[PDB]
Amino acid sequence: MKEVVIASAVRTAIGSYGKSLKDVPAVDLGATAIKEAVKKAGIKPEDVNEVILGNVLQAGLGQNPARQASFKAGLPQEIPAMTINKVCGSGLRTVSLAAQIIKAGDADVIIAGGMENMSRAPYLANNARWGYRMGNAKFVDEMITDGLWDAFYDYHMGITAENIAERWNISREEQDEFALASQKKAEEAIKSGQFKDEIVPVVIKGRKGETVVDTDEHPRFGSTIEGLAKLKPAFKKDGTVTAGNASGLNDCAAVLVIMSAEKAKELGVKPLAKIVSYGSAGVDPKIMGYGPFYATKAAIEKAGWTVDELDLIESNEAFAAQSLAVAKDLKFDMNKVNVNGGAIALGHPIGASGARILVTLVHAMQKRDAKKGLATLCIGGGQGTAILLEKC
């Protein structure tokens, strides 16, 4: 089939829950990013054949958020758009989906990625329409229900991390060390300017003030192992998982311009990387965190690669426990994993995370002259997704 490339890859900074981006709707984050990704790719809005964006907390956002972001970004109305929901994997899945549409021969240029604003998720009244009749009811946290709660087992994603901790025998201490290393790498990457190429600033203008947001705010600078060790278990009594060793609730948008190699050549675009392969897989939801094992395996096999051939690795850090389990089984060289930091420090804006880690991977591969790169993440409901890139 046609060769498929990434022409540009941009993301907004990742905001903290109810913090810096609390006033900026996901679709506005998405438009900011699309607009910058088009410019960076050096193509006209007119060259785009489709918009495919991830978004998980769609409640009250209005019809087709992806279509909304496309408009607000200045893209012509002629361009079709859809919104994808593969939970945590939505942002990454849109990129492989774009590669597939291109391969099928139906498009040359597709805007892919994801967007999410966890801070602005509504609460819900499920029986308002026909009435509650009598008795107290649940006022629902839509962010937990739609993005973080297992539909089948009736418990938080955090409990699937505990399940992995027990089954793979991953201690609280191990988990804390992993979390601390994530913090340290993020602080260094941030203070040394490693995300400057990737981040597109967000301008929020109020009745009087204008405020620019361009720095990832989730990371806790000067984190310590004693700091992590004092934390209480977040999800269960005597649990190993904490706020410290698990990723947070976050707001972000990350977008990539995807093109066929021939069309890039035509338009004078220098590609950042080729998409070599990808895959998705399902697992028992109670161990959803291990989804990347099978997705990474499938993708690597198709590629003809070996894990040891990989130069850089982005494995999303939803929970220390699942990332450790996955990293051990796949036999990762930890030195090549999440070099600029991971979700424990940077955050987890669900619909956009899979796109976020691929945007981070591509730019790191550029700056480090790394040739082969993997991006993979686990997905609530027991799924996994992955992509392999080879630098141009």
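Residue numbers run from 1 along the displayed sequence.
So, looking at the entry's B-factor column for Cα atoms, which has the higher mean, 317 to 325 or 262 to 270? Per the PDB entry, the higher value belongs to 262 to 270.
Mean CA temperature factor from the deposited coordinates, higher in 235 to 243 or in 205 to 213? Per the PDB entry, the higher value belongs to 205 to 213.
Deposited CA B-factor, highest of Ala13, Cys378, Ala375, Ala370: If I rank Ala13, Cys378, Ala375, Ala370 by C-alpha B-factor, first place goes to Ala370.
Per the coordinate record, which of the options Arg93, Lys302, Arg120, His218 holds the highest CA temperature factor? It is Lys302.
Going by the entry, which third of its chain does the Cα temperature factor of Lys331 land in? Its C-alpha B-factor, which the entry lists for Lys331, ranks in the highest third among residues of this chain.
Compared with the other modelled residues in the chain, in which third is the CA B-factor of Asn340? According to the entry, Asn340 has a C-alpha B-factor in the chain's middle third.
Can you tell me which third, lowest, middle or highest, the CA B-factor of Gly158 falls into for its chain? Tercile = lowest for this residue's CA B-factor.
Sort the modelled residues of this chain by their C-alpha B factor and say whether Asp47 lands in the lowest, middle or highest third. As the PDB entry reports it, the C-alpha B-factor of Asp47 lands in the highest third of its chain.
Split the chain's modelled residues into thirds by Cα B-factor; is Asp176 in the lowest, middle or highest one? According to the entry, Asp176 has a C-alpha B-factor in the chain's middle third.
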